[PDB]
Structures are given as C-alpha cells and as structure tokens.
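Before any comments, here is the structure.
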Amino acid sequence: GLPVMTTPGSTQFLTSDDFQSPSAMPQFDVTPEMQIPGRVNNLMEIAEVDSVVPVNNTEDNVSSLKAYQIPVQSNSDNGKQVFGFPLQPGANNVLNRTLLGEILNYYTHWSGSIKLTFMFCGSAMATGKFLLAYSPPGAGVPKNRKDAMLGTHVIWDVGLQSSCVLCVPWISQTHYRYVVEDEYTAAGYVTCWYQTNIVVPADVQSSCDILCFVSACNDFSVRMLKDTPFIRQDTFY
Amino acid sequence: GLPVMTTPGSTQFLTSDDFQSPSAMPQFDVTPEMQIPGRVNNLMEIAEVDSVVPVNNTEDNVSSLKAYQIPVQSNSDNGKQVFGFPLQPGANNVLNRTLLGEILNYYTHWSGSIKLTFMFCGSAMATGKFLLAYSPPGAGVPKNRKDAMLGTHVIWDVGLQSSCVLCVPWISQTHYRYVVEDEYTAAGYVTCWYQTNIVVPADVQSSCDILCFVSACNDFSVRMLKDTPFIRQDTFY
Amino acid sequence: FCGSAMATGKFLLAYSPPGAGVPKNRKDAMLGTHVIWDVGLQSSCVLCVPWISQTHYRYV
Amino acid sequence: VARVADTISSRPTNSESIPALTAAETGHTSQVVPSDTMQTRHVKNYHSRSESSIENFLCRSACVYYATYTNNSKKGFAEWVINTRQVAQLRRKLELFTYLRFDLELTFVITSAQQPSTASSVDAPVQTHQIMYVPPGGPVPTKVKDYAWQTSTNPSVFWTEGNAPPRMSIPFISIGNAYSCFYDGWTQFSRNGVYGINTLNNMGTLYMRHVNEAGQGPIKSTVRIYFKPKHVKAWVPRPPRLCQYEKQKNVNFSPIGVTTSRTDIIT
Amino acid sequence: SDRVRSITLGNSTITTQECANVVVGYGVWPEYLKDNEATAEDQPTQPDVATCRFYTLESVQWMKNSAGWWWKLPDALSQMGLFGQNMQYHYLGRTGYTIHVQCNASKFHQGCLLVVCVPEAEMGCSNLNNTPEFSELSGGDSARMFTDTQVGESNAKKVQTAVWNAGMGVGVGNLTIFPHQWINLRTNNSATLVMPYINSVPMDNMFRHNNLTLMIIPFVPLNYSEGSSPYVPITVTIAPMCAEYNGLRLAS
Amino acid sequence: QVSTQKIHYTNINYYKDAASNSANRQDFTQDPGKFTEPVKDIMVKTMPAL
Amino acid sequence: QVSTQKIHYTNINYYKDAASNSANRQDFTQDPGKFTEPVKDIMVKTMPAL
Amino acid sequence: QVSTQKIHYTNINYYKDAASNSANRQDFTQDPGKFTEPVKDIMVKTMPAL
Amino acid sequence: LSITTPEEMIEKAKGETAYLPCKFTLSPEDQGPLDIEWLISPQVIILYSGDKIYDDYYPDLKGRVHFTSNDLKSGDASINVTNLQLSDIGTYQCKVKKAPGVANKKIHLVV
Amino acid sequence: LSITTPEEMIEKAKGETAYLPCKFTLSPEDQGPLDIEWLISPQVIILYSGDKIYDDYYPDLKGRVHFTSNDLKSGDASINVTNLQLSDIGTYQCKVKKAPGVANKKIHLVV
C-alpha cells in the first residue's frame, strides 16, 4: 500500500513521448539482420550530396529539362549578368525542390555554409572567365560588375578541369536562420557575371550551357523539426 | 506522498500480458507433483512424429481408409506418374490434417526442412524402383520423368528394407514462409515416377499399395502465433 | 590507327574459337574473347590470340 | 556528442595547390571548406547534429487511418488491413528510404458520439470497446454477435471511456530482413497481374466493435490509429516524392513541373 | 598518367585512354555470400568464368531531340549466353554488376549525360487505375526511351515517360543521390560503376524482380555545327561479378 | 542503467522483451564517406582531380 | 531478480505466494528423444535398421 | 541526488533531457558590486570621496 | 484482393462472342467467404454467393451469359457473353468482395 | 501581419488621383492563404481571394478603383482612386487576413 500522488500531466497522450509499453506478441524472435550496403545514419549524409538546381524557371522552361540549363552565349558587349537569385534555401522558388530543400523543409532553424559547384558543359575548344559573387544583405542586389566584385567572389577560369566551387560562408548575426521567407534574417544574393567574353573557333556553336549544383559544408546543422508544406491530402487512398 | 504520472496505456486489459495478481486463496498448499511419463516441453516434439498423409482423396476415397493408400500396379508402359501434390504444409488440402498440419495451423511463419518417409506395403516377392522428385518452384509442375529428374530426387529401390526418406531441403529466398495459400512464397512440387515397372511372380497380386509419412527435420521452427480456421461454434454447449 | 588527329572511335577486336561458323552479328562475336579498343593519345592495341587447342601442335 | 567541426584560420597564400577547381564528372562531390578560398578566423563551433538523426526524425506518432461504426445496427464494426500507404503526411517520410527496419508502438484514440435517438429519457452507461488483431491467415469475424471474438487466442485489448488511450507494442514482424517501401517486379512467375505488390510487409487486419448492447439510442464511435517507428535503421536513401499521390497500391501520378516559376532568370 | 584504365574480367577486356575515376557502389566491393547470412539449405554453384565477363547490349542513337533511355538490369542479360542460361535452370541467384557506358565525340561537339543506376526503380502507369505491362516496361537488351511530352490518358497499359519526372514521380534533378557519373563530351569519354548486390533478402528469383535500372538522361543536349558527324551512338556493356545460383529445376 | 542527458538520469527496464524498451535517441554516429566520396582511388583536396 | 531479455531487465516479487508470480516465458528446454526414438536398442543412422 | 532542504530529501531524474528537470530554487548567490559601485577607482568608506 | 486491369476498352463485332475477363489474386490477409458480382450501367446480372450461382436477374440477358472457368475460387470471374447485339453497350463492374478485401473492374464495352 | 500605419489623414483635391496605400510585412508564423479586403463607411469595394480579383461590388465606384502593384502577395494592398468627387468622403478599412494573422488600416479620406 505505497502512497502515491498523481501530478498534472497524467492520462494524456503526448505525440512525441518515449515510454515503455507492454508487448503484443511476447518472445517473438525477429529475423537476423543483414549487412545491406548503403546505410544512412543521419539526415546530414544527404545534404552532402550534390543535386542540380533549377535556376532557369522562366515559366516555360519549367515543364521540361531546360530548367537546369543556364544560357551562356558569345556576347558582344562586356560585363553582362548571367543569372542571379536570393539565397533562402527553404523559401526561395529555386533552391526549394533540390535535395537540400526537401531536407530543410522538415526543420525550421539551420546553420552552416553552402557550396555551389558549377560545371561548364560546353564545347571543347571554347574558353572564358566568370565572376561568381555573393553579396551579403543590407543593400539591394548588385547591378554592375563593379558593384558585385566588392563582396565575396571567385574569378573562375575554364580549362582542363570543368568546375569551381563557390562556397558561400556563414556570415550572420544569429546562430541560426529561419527557413520560411522572412526579412529579419535575409542571407544575401548570388550573382554571376562575365569576366571576359565567351570566344570560340569557327564551325563551333556559340550557345553553350552551364549546370549548377548545391550542397552543404561539413558544419551544417538543423533544429526544431516540423512537417512539410508541400504534400496535401483530402481523403484516404 | 510520492509523485507519479500515469502514462498512456493504463486501465486497459491486454489479452496477452504477464503481470502479477492478488491471490484468491492464500497459503494454499498444492499437491506434490508426480513423475508422469511422457512429458512434452515444446510443441516441436510433436512435429518430429510421423503421421500418414491422406494423399488419395479423389472425392470418394475420403470417407474411408482408402485415402492413405497410394495405388501402385504392374504397368505396361514405362515412365508413368504415381502421384503429385504441391508442398504448402498449411494451405494444401493434403498435408492439412496431418500431425504437422494442426501444429502449423496455429502459427503463421515456419521454416526448416521436411522429410517424407515412404513405406512399400506390398507383397514379399515383388520389386521395383521409384523416383521421388522435388522440383522447386518457378516453372510449372514437371510432366515427364525426363523433366522431374532435373530437380532434386532419389532413386528408391525396394528390398529387405521397406522405406526411403526423401528430405525436401529448405531452399527459399526468405527466412520464413507463410502458412496461408500465397503465391509470392510458393514451395515447389512433389512427384513420384516409375523408374522401372512393378514385376511379380505368378499367383501374386499385381495391385500393391504404398503409404507415405511426413515430419520435420531438426531445424524446424514457427512464429507469430494465431488461432486455427478449422473449429467453429455458434452457441455454447 | 593511322587516321587524323581530332577523330575518335572504339572498335571491338574479337577472336571466336572454332566449332561454329563465323560470327555474323556484334552480339555474337562479343561472346568469344575480345578487347574493346579505344583510340586516344596512344595509337595501338594488341589483341593476343591465346593458345586454345586440344593438340599440343597444329598443322600449317 | 555529434559535434560539427570548427573552422581553422588561414593566411593569404599564392601557390599551385588549387582547392577550388575540381572535376564534377567523377561523381565525387566537392569537399572544400570556406577556410580554403578566403581568410577565416578560428571559430569554435558548438552546434550539434543530434536533432537530425534517424530516431529523432521518425519516432513521432502520426495518424494512419480512422473508421466509424454505429452501435444500433447489424455488423456495426470496423475492419482495416495494416498498411502505411494511406495517409500522405507519413507515407512521404517513409519513402525517403528503401529498406526500413523498425518495431512499432500503436495507439488508439477512441471517441463516441450520440446519434439522433427518438425515445425519451435516453441514458447510457460508460462504453467498452474491443480492438481485435488478426494475423494474416487467421479466421475473420462476420458480424458483431459472433463467436470468433471471445473464443480466440489473438492479441486484443479491452478499453473503456474516460481513461488513457490504449497502447501496445509490436516487434519486427516480417519475412525478410527489412520492410520494402518499394518493390519493382511482378508477383507471379509468369509476369502477369498486379505490379508492385509484396508479401514482405503484410501485418494482418484490425477488427473493432462495441461490447455493450443497444440500450435505447444508437452510438456512433470513431477510432484513430497512431504509429511510432522505434529502433529504426534505414538503408539506401531515395529522393523525395514530388508528384501528388493518386492511389494507395502503386505509385501512379500525373506529370508536374519541377518547381514554381519566376519572372526572369536574373530576378 | 591518371587518365587511362584497363578493366579485365573472365576472357574479355575493356580499355579506355580518356576517362574519369570509377565509382564503386556505396563503398562496398561485390563478393560472394558469407555463411552467417546464407539461407538456402543446399550448396550453390559458381561458374565464375562463364558468366563474369563483359556482354555488350545493343546500340542507341543520340539524336539532337533525344529524351533518355533505361534498361532493367537483371533482365537485359536474359539472352546473353551462359548468364541467361543459368538464369533459367535455377531458382535463386545473386550478382554484382560492373556497368560501363561509353560514348565518344570529337572536340567540336557539345553535350552531357547522366549515367545513374537507380535501385528498385518502380515506375508508374499512364492511366491512374492500371499498371504498366511487361512488354512496355523492359526489353531484352533493348533500350526503352523516355519522352519530352506527357503521355496521353486514353492509353490503357503504358508508362508515363515524361522525363522531367524520371517516370517514378520524383524530380529529375535529385537523382544524383544514387551512384552516378557524368558523361561530359568536353573532358569525359566513358563512365563506369561497380554496383554490389542491393536487396532485402540474401538471394532472389531473377525473372520476377528487376532490382536495378540503368538510366541515361541528356541534360545538356547534343549540338554541333554543320559538317561534323551527325550520328553519335551510345553503347553500354554490362558485366556480372561474383555470381552464384541455387535450386536446380526444369527449364521454364 | 544510469547515463547522462542533454547531470544524470536513471532508466530501469521492466518488461522481459526487447521491443518494449523506450526509444534510443542517443545513437550519434555518422559517416558520409560512403555517399560523398564513393570512388576507388583516394581524392586529395589540394592537388587537381586529373 | 535481474536477468536478460530477448541488455537486462529487473523483476521484483511483491506478494507472498507462488501462484501470483508472472508467467515464466523462459523455460527453453526440449528432449524429443522420448517421442522420436522410443526403442530399446540404439539405432545408428548410417548402418541399416536390420 | 540527495541534498538538504530548508534533514535531507531525495531527487531522481527520470527523463533523458535537461529542460525536464524540476526548478532549481537553490541558486543562492549575489554580487551587487556591479550595480552599487561601478566605478574605476576603489572608493573607501571612511575617507572622503574627493 | 487485386484486379489485373481496373478498366480498359474492348471492341467486338455484332454477332460474336464477347470476352469480359476478370482476374485476381489473393493476398495472405484474406480468409473470408467469397462473393462475386457483375453490374451493368446502360443492376446485377449474375451472382456467386456461397459457392452457388444465381444468375436469373436481367431479363434482357437470359442464358446469354455464364462463367467460363470451373475453378471460380482461384481467380476467374470472367463471363462468356454470346451473340452480341446493339442494346449491349454499357459499363460493367466486376465487384468481388472477399473479407476483408474488395476490388472492382470497369469494363466499358462498345460495339 | 502588420500594417505600417494603422490610421492617418489624407487630403487631396477634387479631380485628382487618390493614393490610399496599404503596406505590410509577413512574420514567420504566417503560412496560410492570402485574403485582402477594402471597406468604406460613408461595404466591400474590391476583394482579393484565391489570387484572383473580384471588384464589381460598389456601383458608385465602377472602374474608379484598381490595385497598383503586380506583386500583391509581397505587401502591397494599395488602391488607385481616380477622379475624386464630393461623394467620396468616408473611412476606409484595408482588412488583410492571412492565417493566422490579421491587420487593418483606417484611412479617413477628406476632400
């Protein structure tokens, strides 16, 4: 006849509690496990994997494979802008459906730096140079090559190799950032300008393309798990 | 006044729980046990015991003792089929009411190999040879002796001894198999062909019979206990 | 390959031991012994036919 | 502790070791850290990746299916085959992997609702529900007033209102070594019939019914079922489902663009 | 150097002067079945030279307006000699493949490919009620192809071959999480993957379960100026490794 | 039995099974070396990939 | 008192009887040698039965 | 675990977090030397402030 | 339960025999009694309840329909429609109900 | 939700264009569908529900009002009132309702 007292919080069903429970089938012997290859152990072994970014939406290149091709042609004037998009890896309509996006859309607070691998999938005799700049927020978007080379930037050269990994650093006042579209914690902008024109020999196409990947560095993290706003349902299947 | 909290799962009656309980009659002294012979300790001491298989149903040899006699007579042509039945030891209408069947019909997942003892209960001057084949699934049933001797088979000879134990091996992708009639986990077929004809001297009957037993090897096991689909009831007795 | 300097390609050098006829489709000859030659900086590939015969010698 | 790696200081170099340029053809993702393309300060990092693990991502209960059954009617009782394909907020979390292995923790939240009775002075006592679990192959009941309910050795639970919701635990019940959330290939050796159907993940049914009788006025109830995958291990990750589900059996869909669109490539 | 490789198996050899590194599955190398994991009750057979070699599938043309191609893996070698012959008489069997795809072009063309090997690729039908039949889901060492237009609805048993969804209802960009390599006609010439046995049971039948799928999706389409060769073919050559079977039976 | 938390905390197992214990929540181990770099020859960061 | 499960688990007896303890569930012992081979002379496998 | 009260008292932690423990109620420490005398040179009581 | 093709289009000529197949397999979780129906939407036309056939329901089709197989409990619900006419255009529903599963087949016949 | 100025006084001359601005920002806890209203108290005059405009509600003002921006989901609810007259004195309420937030703006127009 031990004396006990029932504290508030009894006879409730918390959705995310961890308690023991009586077994339904006792002495069930499960089948022994097998060393199946490819064992994930933390969802941050998926943010490390590159995935192409649909950065050419344009409302008609979306329902096709053209959304991933970035137009790069032999310009006449120097210092033109190739692309540009704000960096909100959970709210932007570009980094949303990438492999990083559907991992971020389950959490709310993230951190760490992001890499951006580019790959010149053009001809074999063509060269050129591009300026990948990342301007932290506070002002507007940069509008002239003279403006964007003030921020953080790499001057990419195309040669034997076919890539250059602009890693956006983690420059923010707070230890985290929201994944929803906010204004208090903006994360800047990403641009990419012609350093020098795209020159080609004769009998070679002047319309080349570029693909762009995205991933996380080795200091990424998330927090405050929630559910995704993408998948709806009205009745059962 | 210890503080406690009541977790979900209280004031419920789980049908298969194991808890202590207050005694109804305290200090009851039971009568001392007696070394009664024949103590079973695990229902896998019953699957080891042979039991004849009703493998001659034929819709009229069922309501008699003829269901267990396998017709074997002195044929004229060579290479005839004696019997044949699929091997689903919980769903087939042949291995169902054997002693293995009413042990399997309480569980759902089984494993291990099965032996099949045959016994030529014929005359004393008659000889012959039979080919007991077990064709794993994937194709249809074998239809010619040339086809069934491709699988696993023993070539039985009748002499002084009067038995031959075809042991079907355990050849299956999964660690278990369902006892209900399924298609994803079929277990093959069992056939038995004339190797050579059944010859007899004069003044001896040419119509002999054969009985067939069934049992489990020493690596049998079951799991996931349920109730049998055989016994019904509408009101109490 | 004594061709040009910008041209590439790949060839399948197959040696089918006897017993059947000559192979007549690429699907047939890649069943025997074969190398899949690629042309690049180097300009050669040495298919070595092995010694596969029942007798210790062969007539000329 | 699962701490993330800190960042080390750097100085402005001028050398032949270029960490930036690499070859993405090799299928080998980059491995650079910001300390290799700019000047960084030695920042101790205390962030932790604990709340992103597998057991912190999956071990959270989620409604699966819910049925209703009236009291004052013949065969008023609910059946349900056990499968996670039906609700989509949980289906998508289980498609991120191909071969899962977990034991379960069910939970039933049973409620009642008084129906439009017609007599006068209706008053009913507390109710008692039964939730019977039939393994795959057992005998199934046909009506409420049946003798497969009591005289049975299946696992069932008896629960009455006004108390905590019932809960039982189910171990890893399968024929293989992992549940398969995908299975490409037919189920008949002749390659006919249904396409993506597998015996590997079957778990039986669930029969529920009232225990009281019809006193004076019908009572429709409702039961909600909640999963909780514990001890989970995942294998062979998979991209997340994009197109909207349409059926519970297969993975049919209608094609839809990759992302929502913007007005111009530079905005 | 660091650009050349020389792969040999059985009695066949593959040599490439210009290529990138080789990607090896999920980090494991294909080997036989240990006896802690074995489930068959009998002893398996191991040809080991009669099957472990490079079979060459049929060729495909890379037109400018191409969409893609896919092969169902332990189904495409159904007719290639001793492998297909041992795949019939037995009942179980495990393998591990060494896929190699090769498409060469000059220095004046442009293009790119994504050579991915998606495991357990389940595809969706054109009609939401039905499921794709066998004839239009795979072909004996023949390449079924994607499309750039959404397949209509009045078709009864067909595959939805809209490429921007990879047929599986998943976004086509996120496919890189599986082992893959890029055929890039600028610097690359050949892509090669080494895929172990990935399945939830130690062995399985091979006529009912295509436990892999080799897809090829041209991201940057082929393009060239007038004068260069207008015909650029692709050829994939697959080679089993560490194969073994169980459970003899009749032909089927 | 007694272990640390996110000080200490005490846990006792009551039932006689394994699928009845509470969630683990504390298997902190990762190894992306099989998804990021699944190549045969080691790739050094500084030196070029070719 | 403390024993292993299908790690460890703790059990304590409260009442002062024997028919009040919980089920055993852990008497794993078998001996089919009295149902399979109930014969007087030992039967060896290889040599014939006669 | 066991500590004194306002005799002794026993406390045991059950859950595996840190925000689940009860209130502390026993952090008795003060230091007004940063609000009362926030000056650079020390000020002695007896001697005048100038 | 599962039907191989939940809906399709069939075309036959007037005066021929119309084959409207209905195949299925049985998952392990199905152990109840068998029930097979057949509908028409220009109304039951044939039943199979309790292993016995009841098939005098549609006066327009008397004897003009009957099951094909002799193993109706194995996955065969097909019907043999004979002597096709012009008043036989309409959608058919092969409704099979084995506890606790259910599956249908929408055969839209056009002539 | 939050409006920059919940109420102010505006003065324009008869025959000019009247600018009645309505700006807002979006807190993180707002994720529902968008709704924007406009009232008048001398009665809805224009709606924005489901990303589509419904604006034939006030017979006295037909075509004399229309939104300005082309990014109405970014924080612009302003209306372009043209050709001011004398019967247009009254308080306006810019009622925007995004789940689960709500914010108003009381524009008292005098002429």
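Line order of the protein sequences matches chains A, B, C, D, E, F, G, H, I and J.
Residue 531 in UniProt numbering is what sits at position 199 of the first sequence, and the numbering runs on without skipping anything.
Residue 447 in UniProt numbering is what sits at position 115 of the second sequence, and the numbering runs on without skipping anything.
Residue 467 in UniProt numbering is what sits at position 16 of the third sequence, and the numbering runs on without skipping anything.
Residue 39 in UniProt numbering is what sits at position 29 of the fourth sequence, and the numbering runs on without skipping anything.
Residue 151 in UniProt numbering is what sits at position 73 of the fifth sequence, and the numbering runs on without skipping anything.
Those letters in the sixth sequence? Residues 4 to 9, 25 to 68, by UniProt numbering.
Those letters in the seventh sequence? Residues 4 to 9, 25 to 68, by UniProt numbering.
Those letters in the eighth sequence? Residues 4 to 9, 25 to 68, by UniProt numbering.
Those letters in the ninth sequence? Residues 20 to 61, 69 to 137, by UniProt numbering.
Those letters in the tenth sequence? Residues 20 to 61, 69 to 137, by UniProt numbering.
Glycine residues also receive a C-beta, built at the ideal position from the N, C-alpha and C atoms.
Would residue i count as contacting chain A if we go by Cβ distances under 8 Å?
{"i": "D113 (chain E)", "result": "no"}
{"i": "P47 (chain J)", "result": "yes"}
{"i": "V268 (chain D)", "result": "yes"}
Of the choices the options, whose alpha-carbon is the least far from that of residue i?
{"i": "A98 (chain E)", "options": "E:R286, E:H168, E:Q124 and E:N262", "result": "E:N262"}
{"i": "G341 (chain B)", "options": "D:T269, D:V136 and D:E115", "result": "D:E115"}
{"i": "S27 (chain D)", "options": "D:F199, D:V42, D:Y76 and D:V204", "result": "D:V42"}
{"i": "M357 (chain A)", "options": "D:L31, D:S83, D:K54 and D:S166", "result": "D:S166"}
{"i": "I487 (chain A)", "options": "A:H507, A:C524, A:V473 and A:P469", "result": "A:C524"}
{"i": "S307 (chain E)", "options": "E:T86, E:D126 and E:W140", "result": "E:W140"}
{"i": "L419 (chain B)", "options": "B:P403, B:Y400, B:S395 and B:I446", "result": "B:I446"}
{"i": "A125 (chain J)", "options": "J:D97, J:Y118, J:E48 and J:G101", "result": "J:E48"}
{"i": "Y510 (chain B)", "options": "D:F192, D:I183 and D:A88", "result": "D:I183"}
{"i": "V138 (chain E)", "options": "E:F161, E:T239 and E:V314", "result": "E:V314"}
{"i": "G472 (chain B)", "options": "E:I92, E:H187 and E:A329", "result": "E:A329"}
Should residue i be flagged as near chain F, meaning a C-beta pair shorter than 8 Å?
{"i": "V11 (chain D)", "result": "yes"}
{"i": "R81 (chain E)", "result": "yes"}
Should residue i go down as buried or exposed, given a rule of 16 or more other Cβ atoms within 10 Å for buried?
{"i": "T254 (chain E)", "result": "buried"}
{"i": "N389 (chain A)", "result": "buried"}
{"i": "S90 (chain E)", "result": "buried"}
{"i": "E380 (chain A)", "result": "buried"}
{"i": "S455 (chain C)", "result": "exposed"}
{"i": "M142 (chain D)", "result": "buried"}
{"i": "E391 (chain A)", "result": "exposed"}
{"i": "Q401 (chain B)", "result": "buried"}
{"i": "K398 (chain A)", "result": "buried"}
{"i": "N66 (chain D)", "result": "buried"}
Can you list the residues of chain L that residue i reaches, using a CB-CB cut of under 8 Å?
{"i": "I64 (chain D)", "result": "Although the question refers to chain L, the structure presented lacks it and instead comprises the protein chains A, B, C, D, E, F, G, H, I and J."}
Measuring only between beta-carbons, confirm whether residue i sits less than 8 Å from chain G.
{"i": "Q352 (chain A)", "result": "no"}
State yes or no: is the beta carbon of residue i nearer than 8 Å to at least one beta carbon in chain B?
{"i": "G225 (chain D)", "result": "no"}
Is there a Cβ from chain D that is less than 8 Å from the Cβ of residue i?
{"i": "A103 (chain I)", "result": "no"}
{"i": "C130 (chain E)", "result": "no"}
{"i": "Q50 (chain I)", "result": "yes"}
ask   = Along the region 468-499 of chain B, what residues have a CB closer than 8 Å to any CB found in chain E?
value = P468, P469, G470, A471, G472, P474, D479, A480, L482, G483 and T484
task = With 9 Å as the C-beta to C-beta threshold (strictly closer), list the residues of the region 35-56 of chain D near chain E in chain order.
result = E35, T36, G37, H38 and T39
query = Name the residues in the region 242-261 of chain E whose C-beta lies less than 9 Å from a C-beta of chain D; which are they?
reply = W242, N243, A244, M246, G247, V248, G249, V250, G251, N252, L253, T254, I255, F256, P257, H258, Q259, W260 and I261
ask   = What residue ranges within the region 42-84 of chain D form continuous beta strand (DSSP E) runs of no fewer than 3 residues, ordered along the chain?
value = 72-80
message = What are the residues in the region 212-242 of chain E lying within 9 Å of chain I by C-beta distance?
response = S232, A234 and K235
task = Give the residues from the region 27-56 of chain F that approach chain H closer than 7 Å (Cβ to any Cβ), ordered along the chain.
result = Within the region 27-56 of chain F, contact with chain H at the beta-carbon level (separation under 7 Å) is assigned to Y27, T28 and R43.
inquiry  = Tell me which residues of the region 271-301 of chain E have at least one Cβ-Cβ distance to chain I shorter than 7 Å, keeping chain order.
reply    = none
task = Just list the beta strand (DSSP E) runs in the region 95-130 of chain J, keeping only unbroken ones of 3 residues or longer that don't cross its boundaries, in chain order.
result = 105-107, 116-119, 122-124 and 127-129
Beta strand (DSSP E) runs wholly inside the region 166-201 of chain E, at least 3 long, in chain order = You should have 172-180 and 190-195.
ask   = Given a limit of 9 Å on CB to CB distance, which residues of the region 25-46 of chain J reach chain A?
value = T44, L45 and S46
inquiry  = Short of 8 Å Cβ to Cβ, which residues in the region 163-197 of chain E face chain F?
reply    = So the list is empty, because no residue satisfies the distance condition.
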